Amino acid sequence: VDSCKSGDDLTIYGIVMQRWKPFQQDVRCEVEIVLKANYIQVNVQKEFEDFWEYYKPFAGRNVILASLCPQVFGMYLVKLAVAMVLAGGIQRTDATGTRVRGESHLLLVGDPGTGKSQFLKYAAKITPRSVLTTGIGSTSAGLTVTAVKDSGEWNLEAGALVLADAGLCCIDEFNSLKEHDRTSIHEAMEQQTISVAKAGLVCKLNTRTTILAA
Amino acid sequence: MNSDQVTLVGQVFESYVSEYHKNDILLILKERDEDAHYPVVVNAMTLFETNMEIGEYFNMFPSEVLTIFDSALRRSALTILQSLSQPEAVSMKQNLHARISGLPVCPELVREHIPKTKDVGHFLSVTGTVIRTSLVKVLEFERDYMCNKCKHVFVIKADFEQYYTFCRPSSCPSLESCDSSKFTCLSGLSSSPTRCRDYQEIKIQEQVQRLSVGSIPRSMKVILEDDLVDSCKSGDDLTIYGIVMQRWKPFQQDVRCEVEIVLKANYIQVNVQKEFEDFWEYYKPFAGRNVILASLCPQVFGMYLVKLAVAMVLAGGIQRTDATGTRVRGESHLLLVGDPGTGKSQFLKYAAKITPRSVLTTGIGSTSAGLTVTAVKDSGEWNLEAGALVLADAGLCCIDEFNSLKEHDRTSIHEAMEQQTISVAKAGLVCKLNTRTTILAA
Amino acid sequence: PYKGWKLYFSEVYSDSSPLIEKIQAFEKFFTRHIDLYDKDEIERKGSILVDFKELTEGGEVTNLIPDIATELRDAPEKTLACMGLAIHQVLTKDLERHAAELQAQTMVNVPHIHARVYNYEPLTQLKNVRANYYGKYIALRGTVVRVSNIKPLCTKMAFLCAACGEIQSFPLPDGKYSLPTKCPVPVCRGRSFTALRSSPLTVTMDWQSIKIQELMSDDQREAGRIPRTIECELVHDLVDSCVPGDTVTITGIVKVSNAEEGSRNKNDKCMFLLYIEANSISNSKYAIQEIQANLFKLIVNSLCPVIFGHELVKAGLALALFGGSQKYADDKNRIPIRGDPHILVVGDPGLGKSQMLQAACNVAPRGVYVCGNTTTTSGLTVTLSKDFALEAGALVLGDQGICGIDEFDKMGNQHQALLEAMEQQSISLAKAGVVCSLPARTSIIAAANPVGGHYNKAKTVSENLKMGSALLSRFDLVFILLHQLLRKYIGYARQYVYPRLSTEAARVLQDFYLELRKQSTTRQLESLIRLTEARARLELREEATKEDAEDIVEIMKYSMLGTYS
Ligand SMILES: [Zn+2]
Ligand SMILES: [Zn+2]
């Protein structure tokens, strides 16, 4: 007990057992498969090596950029910038112990219907551990945190900027958001974190993510 | 009923079905499904006209008379099956139910109100409108038991008056008098028989559109069994024949009792004169128009055309059917664009109070939720609520402040004025509802 | 001699019982047809799929089963048990022979094998299912509406008798832990048993509850009749074999449901209740030729025979009914984008916009009509219900069909997920910690009212219409306004003809697009192709020519003429 919290990535070893309560006079039965834990732990290859030998670089950039989004005409810089977005990054630590981010941020201020949305959606479907939204369609309740309540009990719900931790968050209609949805995005882009303070839920949540906006 | 009464009833019915009612039984035998409940509709008036005692014994003990009728129907079906040259071409049907229809028209048997405690145990007909329907259901109704000394397999019935609950007996009903009180149940051990009868609970209500029904109509539960299920929907005008019975649950340790008068159905049916003849002879026409127009609304000065137009509104109309099968309406529509306070509202209100089967409103006081349809919900359950344009089906709908409505209340009125129908699509309720009505607006 | 006798029958094994005859009959049938099935798959999945036509083949393999149809229909729980024990005996004999051959150069433990019979006839429709079908084996075909979650279910429990030491596999009724009343041996009646939950006789399997709605004719059988629904119970390998919206054929036994649901009001509670124990489930996923040989205008004018005018609106409706090409490269995972066009009807009241949406949902084989006042987010999006299950909404119920939205200018946030469905063909779900994406390959036809009423003024469409550009840019056709035979023809075209775009049709689109550019969204050109392909499916042609393109261009010209005023 007291070895984990809500939101952790666990690898639980243990025995799969069945807990049950039988029928009574006015009560229905209920059977459940549970895991009695014993220990808690908090968390083609030859082809890729050949592709890496040919890349070791400008011809490789043209192949990745063309293969990233072939459904689009031109826009060599956007395909390259997205490549760096999916690429980066790696955290660092300075002399003050401050976490120095790695994840990228690309803004696409394109006229509507030019295909910028076709990029982000296919890029979100092509990438494992990836999220996306369309701006005002998901306010700050769907971007950062939400204190889900029920009686005197509550938990933490993750938004677009949180579910993309160690992943990618795409936001079309990025300027269609309210100034408070942007303020929440301002914190996620500036701290890798999102402050929680809704109802009786106060915490500091890590949102190490990259944001690809349009 | 004693032996004489049962004997006479059986003989009269056997003669009647050996003489007539042959093609119905033939069509029942010609069906493919053998485990199906097949009804035999019989006119009660013509049957009671053939013998005097059958009607008395039916009005005295309806359930046993219906059971004897079912037995004689089985016998007659077997007789007709044996009379065919190729009896193997058809199949015998054992689930035959005699459904009584066409009772002698009298206030003691034909009812327009909900039967009271005085009518408990009597067979009668109630005419109303369906306000609620439940799903179609399946479950047991008889339970087989066996004796520990003679191995005799008998059966016990479910008490309809106690919501089909079984009570364990303590006497062996075998042909030999057994003193054994230890019996074993065989209902859940196996599934050798398929003894289960259909069941559905519908709710009917008195029709306030009728002259005998007062201001507040009453509701009643009707129990349909066997082939009587899936025979009606919410909103139908039904004339249900059946037996008025009482279903009850007693007091317990923490539970209160509840008694209820219900109608166990047996058949479902989906729906001064000399002066008037003298008034019609004088009318057969301009002097008659002046009399009707003056008598329609005497509280108003002049306005001969409005009194005449309203006369045609209450008059029309009759539906038609064109070559494309499209229903061609009959009901009228009159618009009164009069200055406020000229008396146009005095017309429509008195005309709505003078007319049976009539509705009215005052525009913005009743939006589209009160004009057409509303999906009344509760848990995962819903029904259809009727508005002003629906309750006036085969009637009149009056709407003052007609231009004070929103463009969506008018759109709903646009459909009712153009199709005799109103499309339903609220929550999980999607349907097409008939609103054959006339609209008198101001 | 019968290993696994207690895995199928709770009775005591006796060579004088009538079970041995049917068991050996099915054993002969399976030994003669042992090469027709995959023994490895039968052992792994724990079931076997047998064609009902093989049992009624008639000859020598089915010599000992001449009345298989009647015995299976009237006594399914006995015939299926005998068949399963027979296939288990065949498999264990073959495996014991193999093990003996291996040992020469013998405990073979074959698990329970579910005898599943598919392709059963005659097919029984749901409306003719009464109470007298209890204990009978019937087959139904219908559309799935609700799919519950997978849950453990203990079917049987092992009980050891303290008198003789015999272990029985007592089945539970509805999963209720009951104690046996007598020892299955006809010797001692100890009436005292100890539960053995770790014993292999204690059967526990996966369980799922699906809901099936009958295939209702939207106009013929809709004369006061409601679509009937019924519950089906999938177990073991049948679990997770269909999603809400598929048309499946399910063969199984009719059994009494005892929970009981509700309550209330007022009142869908029913103590009396039915359900189906599913034995097998199969999931799929001349007058026409006279019609193909003025076809476009005939289908167009026959969509809504009570709406005057709106010739172009009915023209786009027919194109949306047939639809373009769902060009999904399954071998390349190339997304089909969208082949279902969307229609917008901008018009004043009194034009019949609601009637066009009704006819859109009536002539379509899968139509869903929705009003824009009584609106809920769960009414269109998928609905989450936890104790969790995801219930299909109007945007999911309209999959492979058409959904009509009337007065969507009166809808708030309960309507914004429709924009995500028109573009992604999917619905986003994020509630109570559950995150998922549900299919929604539907065609959206909608109608709205202008801002200030009659709008025959100097303003355009994006200004007079109560709607922003976030939804105006998603429609393939925008029209500005100020039965069973065509149903079979549309359904046959959606299943038989898959259209393509030719070079002549492209040259016409290239010239019009270049002339439109010289006057100085991309989805406009996507509409030209999606409607041209829809025209080719309308004409039952695999390739659209320049004639179809010019007609689609003229329809788009009318849409662009009412706009840009
Ligand atoms: Zn006895
Ligand atoms: Zn024993």
# chains A, B, ... in the order shown; residues from 1 in each chain; ligands from 1
call {"tool": "residues_around", "arguments": {"residues": "residue 24 (chain C)", "least_positions_apart": "6", "cutoff": "12 Å", "atoms": "only C-alpha atoms", "output": "list in words"}}
result
residues 2, 15, 18, 30, 31, 61, 62, 63, 64, 65, 79, 82, 83, 84, 85, 86, 87, 88, 89 and 90 of chain C
call {"tool": "interface_residues", "arguments": {"of": "chain A", "to": "chain C", "cutoff": "7 Å", "atoms": "only C-alpha atoms", "output": "PDB file with N, CA, C and O atoms, in the first residue's frame"}}
result
ATOM      1  N   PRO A  22     -22.617 -14.245  -3.411  1.00  0.00           N
ATOM      2  CA  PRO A  22     -23.696 -15.049  -3.994  1.00  0.00           C
ATOM      3  C   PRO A  22     -25.045 -14.341  -3.927  1.00  0.00           C
ATOM      4  O   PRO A  22     -25.200 -13.279  -3.324  1.00  0.00           O
ATOM      5  N   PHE A  23     -26.031 -14.964  -4.571  1.00  0.00           N
ATOM      6  CA  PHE A  23     -27.404 -14.484  -4.501  1.00  0.00           C
ATOM      7  C   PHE A  23     -27.947 -14.627  -3.083  1.00  0.00           C
ATOM      8  O   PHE A  23     -27.553 -15.519  -2.328  1.00  0.00           O
ATOM      9  N   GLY A 113      -8.467  25.426 -45.721  1.00  0.00           N
ATOM     10  CA  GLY A 113      -8.580  24.582 -46.890  1.00  0.00           C
ATOM     11  C   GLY A 113      -7.297  24.365 -47.656  1.00  0.00           C
ATOM     12  O   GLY A 113      -7.334  23.756 -48.730  1.00  0.00           O
ATOM     13  N   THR A 114      -6.163  24.846 -47.146  1.00  0.00           N
ATOM     14  CA  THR A 114      -4.885  24.630 -47.811  1.00  0.00           C
ATOM     15  C   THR A 114      -4.290  23.261 -47.516  1.00  0.00           C
ATOM     16  O   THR A 114      -3.294  22.889 -48.146  1.00  0.00           O
ATOM     17  N   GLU A 157      -8.911  14.033 -14.118  1.00  0.00           N
ATOM     18  CA  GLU A 157      -9.113  13.675 -15.515  1.00  0.00           C
ATOM     19  C   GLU A 157      -8.101  14.404 -16.389  1.00  0.00           C
ATOM     20  O   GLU A 157      -7.839  15.595 -16.195  1.00  0.00           O
TER      21      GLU A 157
END
call {"tool": "select_by_dssp", "arguments": {"residues": "region 256-391 of chain B", "states": "alpha helix (DSSP H)", "output": "ChimeraX atom specification"}}
result
/B:273-283,286-296,304-315,344-354,388-391
call {"tool": "interface_residues", "arguments": {"of": "chain C", "to": "chain B", "cutoff": "6 Å", "atoms": "only C-alpha atoms", "output": "short mmCIF file (atom, residue, chain, number, x, y, z; two decimals) with N, CA and C atoms, in the first residue's frame"}}
result
data_model
loop_
_atom_site.label_atom_id
_atom_site.label_comp_id
_atom_site.auth_asym_id
_atom_site.auth_seq_id
_atom_site.Cartn_x
_atom_site.Cartn_y
_atom_site.Cartn_z
N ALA C 131 -44.00 -16.95 -26.92
CA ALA C 131 -43.52 -17.67 -25.75
C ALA C 131 -43.28 -19.14 -26.04
N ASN C 132 -44.06 -19.72 -26.96
CA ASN C 132 -43.98 -21.15 -27.26
C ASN C 132 -42.67 -21.55 -27.92
N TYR C 134 -39.87 -21.22 -26.38
CA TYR C 134 -38.95 -21.53 -25.29
C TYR C 134 -38.50 -22.99 -25.39
N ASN C 265 -40.00 4.89 -14.70
CA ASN C 265 -41.40 4.63 -15.05
C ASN C 265 -41.54 5.22 -16.47
N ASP C 268 -41.62 0.62 -18.70
CA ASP C 268 -40.98 -0.40 -19.51
C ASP C 268 -40.44 -1.55 -18.66
N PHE C 272 -41.96 -10.85 -16.50
CA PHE C 272 -42.02 -11.62 -17.73
C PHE C 272 -40.98 -11.12 -18.73
N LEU C 273 -40.10 -12.00 -19.20
CA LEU C 273 -39.02 -11.55 -20.08
C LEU C 273 -38.37 -12.72 -20.81
N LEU C 274 -37.88 -12.44 -22.01
CA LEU C 274 -37.28 -13.42 -22.91
C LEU C 274 -35.84 -13.02 -23.25
N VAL C 370 -33.66 13.37 -37.09
CA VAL C 370 -33.46 14.04 -35.81
C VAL C 370 -33.97 15.47 -35.91
N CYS C 371 -34.72 15.91 -34.90
CA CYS C 371 -35.14 17.30 -34.78
C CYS C 371 -34.09 18.10 -34.01
N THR C 374 -35.33 19.34 -29.27
CA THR C 374 -35.04 18.38 -28.20
C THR C 374 -33.74 17.67 -28.55
#
call {"tool": "residues_near_ligand", "arguments": {"ligand": "ligand 1", "cutoff": "9 Å", "atoms": "only C-alpha atoms and all ligand atoms", "output": "MDAnalysis selection string"}}
result
chainID B and resid 146:152 171:183
call {"tool": "write_last_selection", "arguments": {"atoms": "C-alpha atoms", "output": "PDB file, in the first residue's frame"}}
result
ATOM      1  CA  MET B 146     -45.013 -35.044  -8.586  1.00  0.00           C
ATOM      2  CA  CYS B 147     -46.157 -37.162  -5.644  1.00  0.00           C
ATOM      3  CA  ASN B 148     -43.700 -39.107  -3.493  1.00  0.00           C
ATOM      4  CA  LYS B 149     -45.931 -42.190  -3.086  1.00  0.00           C
ATOM      5  CA  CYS B 150     -47.792 -42.669  -6.392  1.00  0.00           C
ATOM      6  CA  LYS B 151     -45.456 -40.847  -8.838  1.00  0.00           C
ATOM      7  CA  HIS B 152     -48.470 -39.013 -10.298  1.00  0.00           C
ATOM      8  CA  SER B 171     -53.079 -32.865  -1.395  1.00  0.00           C
ATOM      9  CA  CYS B 172     -52.476 -35.424  -4.142  1.00  0.00           C
ATOM     10  CA  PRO B 173     -54.993 -34.860  -6.970  1.00  0.00           C
ATOM     11  CA  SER B 174     -54.451 -38.343  -8.396  1.00  0.00           C
ATOM     12  CA  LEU B 175     -57.256 -40.727  -9.334  1.00  0.00           C
ATOM     13  CA  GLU B 176     -56.487 -42.744  -6.176  1.00  0.00           C
ATOM     14  CA  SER B 177     -56.827 -41.009  -2.802  1.00  0.00           C
ATOM     15  CA  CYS B 178     -53.237 -40.522  -1.627  1.00  0.00           C
ATOM     16  CA  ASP B 179     -52.603 -39.281   1.909  1.00  0.00           C
ATOM     17  CA  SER B 180     -49.174 -38.035   0.796  1.00  0.00           C
ATOM     18  CA  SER B 181     -48.337 -34.394   1.506  1.00  0.00           C
ATOM     19  CA  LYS B 182     -44.712 -34.545   0.284  1.00  0.00           C
ATOM     20  CA  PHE B 183     -44.485 -33.350  -3.327  1.00  0.00           C
TER      21      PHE B 183
END
call {"tool": "atom_distance", "arguments": {"atom1": "CA of residue 104 (chain A)", "atom2": "CA of residue 43 (chain A)"}}
result
23.7 Å
call {"tool": "closest_atom_pairs", "arguments": {"of": "chain C", "to": "ligand 2", "cutoff": "8 Å", "atoms": "only C-alpha atoms and all ligand atoms", "output": "CSV"}}
result
residue,atom,partner,partner_atom_place_in_ligand_line,distance
C:161,CA,ligand 2,1 (Zn),4.9
C:162,CA,ligand 2,1 (Zn),6.6
C:163,CA,ligand 2,1 (Zn),4.7
C:164,CA,ligand 2,1 (Zn),4.3
C:165,CA,ligand 2,1 (Zn),6.3
C:166,CA,ligand 2,1 (Zn),5.9
C:182,CA,ligand 2,1 (Zn),7.6
C:183,CA,ligand 2,1 (Zn),4.5
C:184,CA,ligand 2,1 (Zn),7.1
C:185,CA,ligand 2,1 (Zn),6.2
C:187,CA,ligand 2,1 (Zn),7.1
C:188,CA,ligand 2,1 (Zn),4.8
C:189,CA,ligand 2,1 (Zn),5.7
C:190,CA,ligand 2,1 (Zn),5.3
C:191,CA,ligand 2,1 (Zn),7.7
call {"tool": "write_last_selection", "arguments": {"atoms": "N, CA and C atoms", "output": "JSON list (two decimals), in the first residue's frame"}}
result
[["chain", "number", "residue", "atom", "x", "y", "z"],
["C", 161, "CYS", "N", -18.91, -35.26, -3.39],
["C", 161, "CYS", "CA", -19.82, -35.92, -2.45],
["C", 161, "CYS", "C", -19.02, -36.59, -1.34],
["C", 162, "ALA", "N", -19.35, -36.25, -0.10],
["C", 162, "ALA", "CA", -18.64, -36.79, 1.06],
["C", 162, "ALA", "C", -19.01, -38.23, 1.38],
["C", 163, "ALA", "N", -19.93, -38.83, 0.63],
["C", 163, "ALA", "CA", -20.35, -40.20, 0.89],
["C", 163, "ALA", "C", -19.57, -41.20, 0.05],
["C", 164, "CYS", "N", -19.58, -41.03, -1.27],
["C", 164, "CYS", "CA", -18.91, -41.94, -2.19],
["C", 164, "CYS", "C", -17.69, -41.35, -2.87],
["C", 165, "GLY", "N", -17.44, -40.05, -2.71],
["C", 165, "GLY", "CA", -16.29, -39.42, -3.33],
["C", 165, "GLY", "C", -16.48, -39.02, -4.77],
["C", 166, "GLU", "N", -17.69, -39.12, -5.31],
["C", 166, "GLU", "CA", -17.94, -38.75, -6.69],
["C", 166, "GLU", "C", -18.00, -37.24, -6.84],
["C", 182, "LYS", "N", -28.96, -34.14, -4.41],
["C", 182, "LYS", "CA", -28.71, -35.57, -4.33],
["C", 182, "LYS", "C", -27.49, -35.91, -5.17],
["C", 183, "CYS", "N", -26.81, -36.99, -4.79],
["C", 183, "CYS", "CA", -25.64, -37.44, -5.53],
["C", 183, "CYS", "C", -26.08, -38.04, -6.86],
["C", 184, "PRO", "N", -25.37, -37.73, -7.95],
["C", 184, "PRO", "CA", -25.80, -38.23, -9.27],
["C", 184, "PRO", "C", -25.76, -39.74, -9.41],
["C", 185, "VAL", "N", -25.04, -40.44, -8.55],
["C", 185, "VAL", "CA", -25.02, -41.90, -8.59],
["C", 185, "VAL", "C", -26.32, -42.42, -8.00],
["C", 187, "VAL", "N", -26.95, -44.63, -6.05],
["C", 187, "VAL", "CA", -26.57, -45.51, -4.95],
["C", 187, "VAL", "C", -26.80, -44.80, -3.63],
["C", 188, "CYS", "N", -25.96, -43.82, -3.33],
["C", 188, "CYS", "CA", -26.05, -43.05, -2.10],
["C", 188, "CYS", "C", -26.63, -41.67, -2.39],
["C", 189, "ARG", "N", -27.48, -41.19, -1.49],
["C", 189, "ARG", "CA", -27.99, -39.83, -1.55],
["C", 189, "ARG", "C", -27.47, -39.06, -0.34],
["C", 190, "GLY", "N", -26.17, -38.75, -0.38],
["C", 190, "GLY", "CA", -25.53, -38.06, 0.73],
["C", 190, "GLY", "C", -26.10, -36.69, 1.01],
["C", 191, "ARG", "N", -26.49, -35.96, -0.04],
["C", 191, "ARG", "CA", -27.11, -34.64, 0.08],
["C", 191, "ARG", "C", -26.20, -33.65, 0.82]]
call {"tool": "closest_residue", "arguments": {"among": "B:169, B:395, B:107, B:115", "to": "residue 352 (chain B)", "atoms": "only C-alpha atoms"}}
result
B:395
call {"tool": "select_by_dssp", "arguments": {"residues": "region 86-215 of chain C", "states": "strand (DSSP E or B)", "output": "ChimeraX atom specification"}}
result
/C:114-118,123,137-147,151-154,156-161,167-171,193-196,204-214
call {"tool": "residues_around", "arguments": {"residues": "residue 66 (chain C)", "least_positions_apart": "3", "cutoff": "12 Å", "atoms": "only C-alpha atoms", "output": "PyMOL selection string"}}
result
chain C and resi 22+25-26+29+54-63+69-72
call {"tool": "write_last_selection", "arguments": {"atoms": "N, CA and C atoms", "output": "CSV table (one decimal), in the first residue's frame"}}
result
chain,number,residue,atom,x,y,z
C,22,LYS,N,-27.2,-41.3,-29.9
C,22,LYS,CA,-26.9,-40.1,-30.6
C,22,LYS,C,-25.4,-39.7,-30.5
C,25,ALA,N,-23.7,-41.7,-33.1
C,25,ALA,CA,-24.1,-41.2,-34.4
C,25,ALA,C,-23.2,-40.0,-34.8
C,26,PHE,N,-23.2,-38.9,-33.9
C,26,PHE,CA,-22.4,-37.8,-34.2
C,26,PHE,C,-20.9,-38.1,-34.2
C,29,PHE,N,-20.3,-39.4,-37.6
C,29,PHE,CA,-20.3,-38.2,-38.5
C,29,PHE,C,-19.0,-37.4,-38.5
C,54,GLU,N,-24.5,-30.0,-43.9
C,54,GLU,CA,-23.7,-31.2,-43.8
C,54,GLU,C,-24.5,-32.3,-43.0
C,55,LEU,N,-25.2,-31.8,-41.9
C,55,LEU,CA,-26.0,-32.8,-41.1
C,55,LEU,C,-27.2,-33.3,-41.9
C,56,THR,N,-27.8,-32.4,-42.7
C,56,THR,CA,-28.9,-32.8,-43.5
C,56,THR,C,-28.5,-33.2,-44.9
C,57,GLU,N,-27.3,-33.7,-45.1
C,57,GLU,CA,-26.8,-34.1,-46.4
C,57,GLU,C,-27.5,-35.3,-47.0
C,58,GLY,N,-27.8,-36.3,-46.1
C,58,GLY,CA,-28.4,-37.5,-46.5
C,58,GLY,C,-27.5,-38.5,-47.2
C,59,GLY,N,-27.3,-39.6,-46.7
C,59,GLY,CA,-26.5,-40.6,-47.3
C,59,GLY,C,-25.9,-41.7,-46.3
C,60,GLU,N,-24.6,-41.7,-46.1
C,60,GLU,CA,-24.0,-42.6,-45.2
C,60,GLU,C,-23.3,-42.0,-44.1
C,61,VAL,N,-22.7,-40.8,-44.3
C,61,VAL,CA,-22.1,-40.1,-43.2
C,61,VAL,C,-23.1,-39.6,-42.2
C,62,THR,N,-24.3,-39.3,-42.7
C,62,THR,CA,-25.4,-38.9,-41.8
C,62,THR,C,-26.5,-40.0,-41.8
C,63,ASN,N,-26.0,-41.3,-41.8
C,63,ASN,CA,-26.9,-42.4,-41.8
C,63,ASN,C,-27.6,-42.6,-40.4
C,69,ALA,N,-32.9,-32.5,-37.9
C,69,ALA,CA,-33.6,-31.2,-37.9
C,69,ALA,C,-34.6,-31.1,-36.7
C,70,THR,N,-35.5,-32.1,-36.6
C,70,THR,CA,-36.5,-32.1,-35.6
C,70,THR,C,-35.9,-32.2,-34.2
C,71,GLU,N,-34.9,-33.1,-34.0
C,71,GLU,CA,-34.3,-33.3,-32.7
C,71,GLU,C,-33.5,-32.0,-32.3
C,72,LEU,N,-32.9,-31.3,-33.3
C,72,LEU,CA,-32.2,-30.1,-33.0
C,72,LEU,C,-33.1,-28.9,-32.7
call {"tool": "atom_distance", "arguments": {"atom1": "CA of residue 319 (chain B)", "atom2": "CA of residue 390 (chain B)"}}
result
17.0 Å
call {"tool": "residues_around", "arguments": {"residues": "region 200-217 of chain C", "least_positions_apart": "3", "cutoff": "7 Å", "atoms": "only C-alpha atoms", "output": "ChimeraX atom specification"}}
result
/C:7,126,142-158,169,197,220-222,227-236,239
call {"tool": "residues_around", "arguments": {"residues": "residue 169 (chain A)", "least_positions_apart": "2", "cutoff": "8 Å", "atoms": "only C-alpha atoms", "output": "ChimeraX atom specification"}}
result
/A:130-133,160-161,164,167,171,209-212
call {"tool": "write_last_selection", "arguments": {"atoms": "N, CA and C atoms", "output": "PDB file, in the first residue's frame"}}
result
ATOM      1  N   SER A 130      -0.323   9.597 -29.482  1.00  0.00           N
ATOM      2  CA  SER A 130      -0.609  10.863 -30.147  1.00  0.00           C
ATOM      3  C   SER A 130      -2.053  11.260 -29.871  1.00  0.00           C
ATOM      4  N   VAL A 131      -2.280  12.573 -29.758  1.00  0.00           N
ATOM      5  CA  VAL A 131      -3.602  13.151 -29.535  1.00  0.00           C
ATOM      6  C   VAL A 131      -3.757  14.347 -30.469  1.00  0.00           C
ATOM      7  N   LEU A 132      -4.981  14.875 -30.528  1.00  0.00           N
ATOM      8  CA  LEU A 132      -5.337  15.949 -31.447  1.00  0.00           C
ATOM      9  C   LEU A 132      -6.670  16.542 -31.005  1.00  0.00           C
ATOM     10  N   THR A 133      -6.944  17.763 -31.466  1.00  0.00           N
ATOM     11  CA  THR A 133      -8.249  18.394 -31.294  1.00  0.00           C
ATOM     12  C   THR A 133      -8.389  19.486 -32.349  1.00  0.00           C
ATOM     13  N   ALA A 160      -6.189  17.089 -23.382  1.00  0.00           N
ATOM     14  CA  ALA A 160      -5.368  16.918 -24.576  1.00  0.00           C
ATOM     15  C   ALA A 160      -3.897  17.178 -24.280  1.00  0.00           C
ATOM     16  N   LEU A 161      -3.604  18.204 -23.478  1.00  0.00           N
ATOM     17  CA  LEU A 161      -2.218  18.526 -23.162  1.00  0.00           C
ATOM     18  C   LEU A 161      -1.604  17.544 -22.173  1.00  0.00           C
ATOM     19  N   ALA A 164      -1.135  13.652 -23.973  1.00  0.00           N
ATOM     20  CA  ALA A 164      -0.003  13.668 -24.883  1.00  0.00           C
ATOM     21  C   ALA A 164       1.338  13.680 -24.160  1.00  0.00           C
ATOM     22  N   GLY A 167       4.281  12.459 -25.806  1.00  0.00           N
ATOM     23  CA  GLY A 167       3.628  12.253 -27.086  1.00  0.00           C
ATOM     24  C   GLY A 167       3.423  13.585 -27.760  1.00  0.00           C
ATOM     25  N   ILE A 171      -3.517  20.788 -32.380  1.00  0.00           N
ATOM     26  CA  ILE A 171      -4.664  21.660 -32.147  1.00  0.00           C
ATOM     27  C   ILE A 171      -4.933  22.511 -33.382  1.00  0.00           C
ATOM     28  N   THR A 209       5.033  17.337 -23.325  1.00  0.00           N
ATOM     29  CA  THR A 209       4.458  17.047 -24.630  1.00  0.00           C
ATOM     30  C   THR A 209       4.911  18.079 -25.651  1.00  0.00           C
ATOM     31  N   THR A 210       4.756  17.718 -26.923  1.00  0.00           N
ATOM     32  CA  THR A 210       4.917  18.644 -28.033  1.00  0.00           C
ATOM     33  C   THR A 210       3.549  19.040 -28.571  1.00  0.00           C
ATOM     34  N   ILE A 211       3.460  20.269 -29.074  1.00  0.00           N
ATOM     35  CA  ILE A 211       2.195  20.848 -29.509  1.00  0.00           C
ATOM     36  C   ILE A 211       2.340  21.308 -30.953  1.00  0.00           C
ATOM     37  N   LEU A 212       1.539  20.726 -31.843  1.00  0.00           N
ATOM     38  CA  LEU A 212       1.530  21.063 -33.266  1.00  0.00           C
ATOM     39  C   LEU A 212       0.210  21.766 -33.568  1.00  0.00           C
TER      40      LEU A 212
END
call {"tool": "residues_around", "arguments": {"residues": "region 536-552 of chain C", "least_positions_apart": "5", "cutoff": "7 Å", "atoms": "only C-alpha atoms", "output": "number ranges by chain"}}
result
C: 292, 322, 493, 497-502, 504-505, 508, 528, 531
call {"tool": "decode", "arguments": {"residues": "region 207-213 of chain B", "atoms": "N, CA and C atoms", "output": "PDB file, in the first residue's frame"}}
result
ATOM      1  N   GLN B 207     -61.915   8.891 -22.839  1.00  0.00           N
ATOM      2  CA  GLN B 207     -61.777   9.896 -23.885  1.00  0.00           C
ATOM      3  C   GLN B 207     -62.572  11.133 -23.486  1.00  0.00           C
ATOM      4  N   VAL B 208     -61.861  12.200 -23.108  1.00  0.00           N
ATOM      5  CA  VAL B 208     -62.511  13.454 -22.743  1.00  0.00           C
ATOM      6  C   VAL B 208     -63.275  14.041 -23.921  1.00  0.00           C
ATOM      7  N   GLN B 209     -62.959  13.609 -25.144  1.00  0.00           N
ATOM      8  CA  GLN B 209     -63.703  14.050 -26.316  1.00  0.00           C
ATOM      9  C   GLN B 209     -65.137  13.538 -26.316  1.00  0.00           C
ATOM     10  N   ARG B 210     -65.444  12.531 -25.502  1.00  0.00           N
ATOM     11  CA  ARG B 210     -66.788  11.982 -25.446  1.00  0.00           C
ATOM     12  C   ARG B 210     -67.684  12.836 -24.552  1.00  0.00           C
ATOM     13  N   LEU B 211     -68.993  12.722 -24.784  1.00  0.00           N
ATOM     14  CA  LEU B 211     -69.951  13.534 -24.041  1.00  0.00           C
ATOM     15  C   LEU B 211     -70.139  13.027 -22.617  1.00  0.00           C
ATOM     16  N   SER B 212     -70.069  11.711 -22.410  1.00  0.00           N
ATOM     17  CA  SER B 212     -70.284  11.153 -21.079  1.00  0.00           C
ATOM     18  C   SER B 212     -69.088  11.370 -20.161  1.00  0.00           C
ATOM     19  N   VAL B 213     -67.876  11.406 -20.714  1.00  0.00           N
ATOM     20  CA  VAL B 213     -66.687  11.622 -19.899  1.00  0.00           C
ATOM     21  C   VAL B 213     -66.627  13.082 -19.474  1.00  0.00           C
TER      22      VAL B 213
END
